[PDB]
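Enquirer: turn this into a model:
(11 chains, ligands or ions: 6)
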Amino acid sequence: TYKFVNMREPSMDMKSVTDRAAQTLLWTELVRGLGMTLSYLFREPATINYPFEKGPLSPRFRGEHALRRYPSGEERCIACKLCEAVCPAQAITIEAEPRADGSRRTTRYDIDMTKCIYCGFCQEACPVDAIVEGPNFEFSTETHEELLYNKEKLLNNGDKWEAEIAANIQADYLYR
Amino acid sequence: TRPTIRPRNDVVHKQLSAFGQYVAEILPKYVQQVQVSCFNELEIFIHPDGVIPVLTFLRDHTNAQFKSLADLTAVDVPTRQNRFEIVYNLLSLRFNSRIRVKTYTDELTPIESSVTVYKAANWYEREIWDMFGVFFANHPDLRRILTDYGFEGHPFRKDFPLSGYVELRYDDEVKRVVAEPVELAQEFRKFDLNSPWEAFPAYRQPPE
Amino acid sequence: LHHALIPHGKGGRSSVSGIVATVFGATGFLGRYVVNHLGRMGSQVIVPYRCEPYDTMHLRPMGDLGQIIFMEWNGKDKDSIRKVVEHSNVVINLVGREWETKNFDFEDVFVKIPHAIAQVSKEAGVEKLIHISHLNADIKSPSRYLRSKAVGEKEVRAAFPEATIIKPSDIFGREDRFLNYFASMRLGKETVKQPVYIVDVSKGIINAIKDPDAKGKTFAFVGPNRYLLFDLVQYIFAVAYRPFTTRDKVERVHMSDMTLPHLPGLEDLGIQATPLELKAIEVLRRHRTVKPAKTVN
Amino acid sequence: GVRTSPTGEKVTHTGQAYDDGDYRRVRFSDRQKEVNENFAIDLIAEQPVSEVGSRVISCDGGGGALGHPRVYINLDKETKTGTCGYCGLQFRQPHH
Amino acid sequence: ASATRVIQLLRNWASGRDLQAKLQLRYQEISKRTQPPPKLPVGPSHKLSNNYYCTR
Amino acid sequence: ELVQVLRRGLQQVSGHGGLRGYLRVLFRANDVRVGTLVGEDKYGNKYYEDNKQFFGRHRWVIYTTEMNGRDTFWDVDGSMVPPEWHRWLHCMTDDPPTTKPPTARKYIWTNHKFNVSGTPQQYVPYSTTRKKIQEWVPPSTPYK
Amino acid sequence: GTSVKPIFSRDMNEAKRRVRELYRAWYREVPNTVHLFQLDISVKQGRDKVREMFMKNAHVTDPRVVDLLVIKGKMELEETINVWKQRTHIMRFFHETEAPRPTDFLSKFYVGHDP
Amino acid sequence: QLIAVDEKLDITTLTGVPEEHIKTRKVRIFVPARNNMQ
Amino acid sequence: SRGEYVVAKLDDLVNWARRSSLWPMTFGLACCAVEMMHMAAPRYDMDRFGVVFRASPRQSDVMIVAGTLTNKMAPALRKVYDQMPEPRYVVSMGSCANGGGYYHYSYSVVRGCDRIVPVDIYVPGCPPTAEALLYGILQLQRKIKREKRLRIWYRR
Amino acid sequence: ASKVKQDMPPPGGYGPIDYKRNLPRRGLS
Amino acid sequence: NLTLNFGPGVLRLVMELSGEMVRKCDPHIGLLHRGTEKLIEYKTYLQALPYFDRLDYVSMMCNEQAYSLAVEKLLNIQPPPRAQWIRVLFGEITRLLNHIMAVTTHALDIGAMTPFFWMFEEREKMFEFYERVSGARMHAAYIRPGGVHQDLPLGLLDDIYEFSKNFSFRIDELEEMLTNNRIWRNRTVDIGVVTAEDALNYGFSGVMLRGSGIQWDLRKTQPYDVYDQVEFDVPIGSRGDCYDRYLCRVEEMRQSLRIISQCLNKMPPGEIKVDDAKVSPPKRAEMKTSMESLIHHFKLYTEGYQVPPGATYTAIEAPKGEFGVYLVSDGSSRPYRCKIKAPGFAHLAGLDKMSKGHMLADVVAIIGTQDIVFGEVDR
Ligand SMILES: CCCCCCCCCCCCCCCCC[C@@H](O)O[C@H](CO[C@H](O)CCCCCCCCCCCCCCC)COP(=O)(O)OCC[N+](C)(C)C
Ligand SMILES: NC(=O)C1=CN([C@@H]2O[C@H](COP(=O)(O)OP(=O)(O)OC[C@H]3O[C@@H](n4cnc5c(N)ncnc54)[C@H](OP(=O)(O)O)[C@@H]3O)[C@@H](O)[C@H]2O)C=CC1
Ligand code: SF4
Ligand code: SF4
Ligand code: SF4
Ligand SMILES: [Zn+2]
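Expert: Residues are numbered from 1 along each chain as shown, chains lettered A, B, ... in the order given. Ligands and ions are numbered 1, 2, ... in the order given. Right below this line is the structure:
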């Protein structure tokens, strides 16, 4: 099925011609547009008062990355290198070796925030929920260097955001 | 065939096979092969000299009338003597169908331009020359369309490095943007993802 | 040799040249060229600045990530100098003001600050120090600028025996005062000048960094040909298509350029000096809206 | 258990610390070196060893689907204690 | 919205429609940001028998 | 009518603690709305809710006068909100931490830090691995 | 056999003629480009660079390769006529900002492992 | 219509590869060895 | 004594005037520009901060690089930067303009806009939300508030 | 045990959704 | 007859003017060429999926759907019905976002600029729907070659219904400000007229065809997902000018609202991705409790799934016209070739023909009515 958008033939009787002439001479449609704008002036604006008011978000939001850890205090990462292999932008660099007690742990875990595309593949490829994409988004920087995160920065982010990170994970893990 | 398997349509397959035989009968001088895929897609492999005739037929015959040129592209396969493969995709609105015409060429052999048949091909042809280096004869104006001015090489060839050969920066001594040999802070990590234990026996090749 | 400074790469932006250089006064006319030449080959640069960090922004895009570190300092405190040159293996001094100030006179700028820098660099284990003074610097010069330059040169030599003293002669360039000062007036025939191109001076400094035998030598960076003041000004005004700094600058320009044939120059560093005719048009094209001046040799 | 380098810096949990001669130390002047204070090895070494009365014990890290993949640990060796591959917790049979 | 009657009549006359019938600002009629847990039923190939992979 | 909105404005100016508090909130937040107080933060922030407003303005925060080490009377930013109140404020949940606090762990920070870019506390990246190749150490005894 | 399809030239004489015409065009255009783009080089330097770029491909003995190079040169000249480039594109031919790589064995041995 | 020229093919000057990456490189043509772990 | 006080107050007044009205010019190169147009949308309303919408490059104060910087475009961007008058600040938005991002290993992409022009604020994201860009703008305002030119000149 | 619970329209479906153009005439000859 | 270069989405335009008329108009592209088609060859199919969001960043889920359909056709699998309905529902929502953007940007370039804000409020609401489902406002990566990544949150359908029952008034206000305005009509009527034969030969698609009177629509002639199960009308123009295409876009917005209502009413239960763990990753609980699930998760997120060798051309009715992908697979886990056909390429190619004998100010209107986003044009 299809419709016609511009297939109307104007009437050619005296009344319609006079109406069109009156519209041309008195600018009725311009006044109608002015009235529409005036009506829109007198209603409440949609502006929010940033930074005192924040826009709504959801538990699935992707923001600044973080590295979580178990309740006992040991980091969840086991250097399986799945997140590095699945990263589309090759923004993750991982180096590992056996620890003092023989545990499989990383010696280097770097994420280049200027190469990352925030696609969330890393947090969904992780089998132990080690790397997560946190809910923070206000982490702008004055220099390029500070956007090259290393393991210490990501662990600090995890320790800093663990409360609401775990809350979001609890809220959303049934959809995954 | 459970709901995890894409359903198969046989009527469209038969119609496409019949039309492929019909086309190959009409133009035996140029068509070298005709194929119909398992998902009902008809493709025709022709000689390079038959680009202008065959296309014209598919655009003007009362039974074909493939009016629209959906896409025109090239594929690089370095293991072949004729390196580049030119692909034309045609859409027929009257019969609600699609066809594909494939041709071969190399670096030095030119291919007659089909601007006269389809005007839409014009920019597409330029794109090919920009990306692969295939020269199209009798083109209204053939020049680079996508790469930078003065760019050396055709990026879409398989032997062209991913990061190119030169990189741009700004120099204050000369107060302008200059090009230098490329040097990466981090080298692109190459992954050997391909694995042994072949997955599709239906595509197994003879052991020669 | 402290492996971290073993040269690596093909001498590009992301390579490692094994040079850790502290460029004092890098926010000036010569400092930008020196820092650019250092950074285009992968060397790490430490920039001590006393000005607003906004004014130093132009130095940011001349090095790779993390190769340029900006640090606050001032000449009146030795602790800032010590913390700035603590890890550097090369210290280049470009600090110098062409006029007096109620806080820094010529004696403070050219004598005490270079002396403190040289002494702190020697105490901190810096192996290479480069100090720049004027070519005409004489202890008996009528102007205080050159006497202070002369005193400063002696102080650096005393404090840092292995220092390299470079003596350019009225550097000219895109941002120099030598050409813009003469093109902004819109007396001569007995004074000769020997201008030197800015890129030549920067390359000479870089080669002095690389040259191992230039430890205690003193260099004189001069141009290829000499010009009388009058016809040089005539050429300057002709390039701009234009028809023809309180008290010290006029005296300094009114002095004739000295001749030091015993001192090695740019040719000893494998640099062919570029004549003023090639770059005069490039410098003076912005002063607009061919018959080069005669030289004396 | 964060230690201090002989120069004066803090040593990361991976043992990284620039020596006296390293020039890269200059990147920390007028700034700070980011170091995580909580060491995973020290935090996991102070966990008590669980005492179970079965030959084979199952571990999933706690939380079910929020932990690590479930693994089984054998406790026949009375010399030492079985250690989980992922979480690092320890298990032991009731000797004596 | 928290608008006086006279302003509401003015807007309705000027626009020509009933604004308060269909407002463009979201109010309490939206769903809550806290929701009960879901269940997400399994797919069709979750049988314990007659589920050989070579047939599907 | 007009008298009703004037009386509402008078109630708003009275409910901010008088004229001084009204002026302070006007010059600090550019908004003189009044709502029920949901909670107070350990850093001095206050969180208010008003369900009569449309989605987006029904929750807001008055920032603290002075945070850890800087005077935030005028310099405020969105990174000063602690994680629990950050989750509540962005409408990710309807339960403030006062009603149900987050789970407590020993490794969670007890002192939230705002963005420290352009500060002597800023993050400086560095390599975390150790030296790869060890060089030979020449002996200290002469051969002859 | 080894029979191939031509592009513009049947033999080497026609390809040489086309090369000559392209050289004439570039030689004529060099001073106009120098004046219009406000280059720091002289006309002599531009003509020398054109000569060097032409002689770089002097060992080609295939008419198809020669006239393909002629087509590329004509395209680049057309690019230069209509001021489609800028000063940087023109000046990329001189590498004024790149360090001069050495040629002898000892220098290459000193700088690095590059053969 | 056909040149019928007899000479080896050479497209060195059309690929745009820098001269130092043509006369200095040494390519290897081989059948990759089987990974001994599999 | 009084001179430092007077120059401090003059500097504070000038800094407030300069940071209370920032006029940006936006390079709508790629997808991130869409988010820029959402930070001009009614919900966020960049204008109420004094940040005008789509200022001309002649009178613009800050440049916002929004999207990938290709090799074919770098000269044009550099040229525009030279044209801007007085004190100009550059804000880099998105991974593509920060460090190349998703096209870092590309033959025709500049690996970060900082290779061409100096950058004052790096806004991370892909794309950064309108809130993130607004936070970057406010951070630039705070940075402008921090600078002191009259005091440095007086001590000079 | 627990029953399947996912996003579905409420029983009876949703209400009518207006999509036709509504351009009225204010009215004057 | 002077020549001028309108230099630096962003576009360079070299045109010759004989007084006020336009003689020749040549657009120079390549300013946003990043080489997506070459970077795709170095990534697996899942890794290459996010490139299509960057392709046409005004209509993202449509590009995702096109790529997913191509990969599904190569894989010989089909998604569950609920995934198809979500795809269709989201595709319609994305179409609204694209049409709002195009119409408002065209008006702003002309100089209206008020409907831009009026409808960007609704665009912000749509971003929220995109955000709730996938965690990203714009670059979603929600649609995967097996279906969709995740199921809908429990409160999404109600919010979509609440939003979509007030959008008709927004469209009516836009039409009130634009449709009958005499200035807008003078700016758009009889501008850039293209005949049906020329539009067909010049490779045009979408509204550019439908504006010229051609009755063609890929959702009707060649339905792909659940389209043959939803009823909607196809607006057809009568003159081929800018005004007819503007009216067609508005009517397409209304029909998109119709399809959204139908999709909301007829939502089926079931799973959201194909129950083939060799193509779609298993659930996290299954991965953490089952050995085969863990092996398949590992292999899918490290190596990927092997696609049988073959070449396909899959085209969909994206909001800007026919959007197609020619995918060539050699049997490995990485595509051998991925050519992208965007309607903007052909439209900008035909711009020179469509701007013959028009004023200089008419070129801006013609470019606006072409609905040109240079991400897909340059690729
Ligand atoms: C009559 C003669 C005229 C001569 C020239 C005068 C120029 C025009 C006169 C008008 C002067 C304007 C003064 C008003 C400035 C007050 C700004 C105040 O409101 O801001 C606060 C104060 O800011 C600064 O701390 C104070 C700067 C004001 C200058 C101090 C007094 C200097 C007066 C000296 C003038 C003498 C001139 C002599 C030579 C002409 C902090 O706000 P801010 O942080 O921004 O933004 C917060 C953002 N929030 C709200 C979202 C949280
Ligand atoms: N005509 C010429 O230019 C030739 C140069 N001379 C010598 O070459 C050296 C550099 O020349 P040039 O770059 O052109 O001079 P500039 O004036 O352009 O640069 C001077 C540099 O030194 C710094 N500086 C100046 N005074 C002080 C101070 N009191 N305390 C701290 N830092 C200070 C400046 O920092 P800031 O801007 O923040 O104040 C600035 O970075 C100088 O030593 C000069 O004497 C040699 C022959 C002539
Ligand atoms: S979000 Fe995507 S691009 Fe960023 S680190 Fe994770 S996998 Fe890599
Ligand atoms: S996927 Fe998780 S466990 Fe594996 S390396 Fe990455 S962060 Fe560590
Ligand atoms: S990938 Fe990110 S930075 Fe690049 S265009 Fe898309 S949103 Fe912008
Ligand atoms: Zn465990």
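Enquirer: need the residues of chain D near ligand 5, please.
Expert: Contact residues, chain D versus ligand 5 (Cβ under 6 Å from any ligand atom): none. All C-beta spots, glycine's among them, are computed from the backbone N, C-alpha and C.
Enquirer: what ranges do the strands span in chain D?
Expert: D:50-51, D:56-59, D:71-74, D:82-83, D:90-92 (DSSP state E).
Enquirer: and the fourth one with ligand 6, contact?
Expert: Meaning strand D:82-83. No. Counting by Cβ under 5 Å from the ion, no contacts exist between strand D:82-83 and ligand 6, the nearest distance being 8.8 Å.
Enquirer: could you do the last one as well?
Expert: No. Strand D:90-92 stays out of contact with ligand 6 when judged by Cβ under 5 Å from the ion, the minimum separation being 9.4 Å.
Enquirer: repeat for the second one
Expert: Yes. Using Cβ under 5 Å from the ion as the criterion, contacts between strand D:56-59 and ligand 6 involve residue D:59.
Enquirer: report the central residue of chain H.
Expert: Nearest to the geometric centre of chain H sits residue H:27, at 7.8 Å (Cα atoms, centre = their mean).
Enquirer: in chain C, what residue lies closest to chain D?
Expert: Ranking the residues of chain C by distance to chain D (Cβ to the nearest Cβ) places residue C:87 first, at 4.1 Å.
Enquirer: can you classify that residue as helix, strand or coil?
Expert: State at residue C:87, reduced to three classes by DSSP: H, G, I helix; E, B strand; the rest coil: coil.
Enquirer: tell me the contacts of it?
Expert: Neighbour list for residue C:87: C:20, C:46, D:22, D:23, D:25, D:26 [criterion: Cβ atoms under 8 Å, 6 or more residues apart in numbering or on different chains].
Enquirer: show me the beta-bridge partners of the second one.
Expert: Taking DSSP bridges, one finds residue C:22, residue C:69 as the beta-bridge partners of residue C:46.
Enquirer: ok, it to residue D:23 distance?
Expert: Separation of residue C:46 from residue D:23 (Cβ to Cβ, to the nearest Å): 10 Å.
Enquirer: give me the common contacts of those two.
Expert: C:20, C:87, C:88.
Enquirer: out of those residues, the closest to chain G would be?
Expert: residue C:20 (19.4 Å).
Enquirer: in a markdown table: the shared contacts of residue C:46 and residue D:23, plus distance to residue A:10.
Expert: As requested, the shared contacts of residue C:46 and residue D:23 are exported to a markdown table (distance: Cβ to Cβ, whole Å):
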| residue | distance to residue A:10 |
| --- | --- |
| C:20 | 83 |
| C:87 | 85 |
| C:88 | 84 |
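Enquirer: just send these back as JSON lines, with distance to ligand 6 too.
Expert: Formatted as JSON lines, the shared contacts of residue C:46 and residue D:23 follow (distance: Cβ to the ion, whole Å):
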{"residue": "C:20", "distance to ligand 6": "47"}
{"residue": "C:87", "distance to ligand 6": "45"}
{"residue": "C:88", "distance to ligand 6": "50"}
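Enquirer: for residue 125, give me its contacts.
Expert: Just going to use chain A. A:82, A:83, A:85, A:86, K:301.
Enquirer: I was after chain F.
Expert: So residue F:125 contacts A:145, A:146, A:148, A:149, A:150, A:153, C:66 (Cβ under 8 Å, 6+ apart).
Enquirer: now with 7 Å?
Expert: By Cβ atoms under 7 Å, 6 or more residues apart in numbering or on different chains, residue F:125 lies in contact with A:145, A:146, A:148, A:150.
Enquirer: tell me the secondary structure for it?
Expert: With three-state DSSP as the criterion, residue F:125 reads coil.
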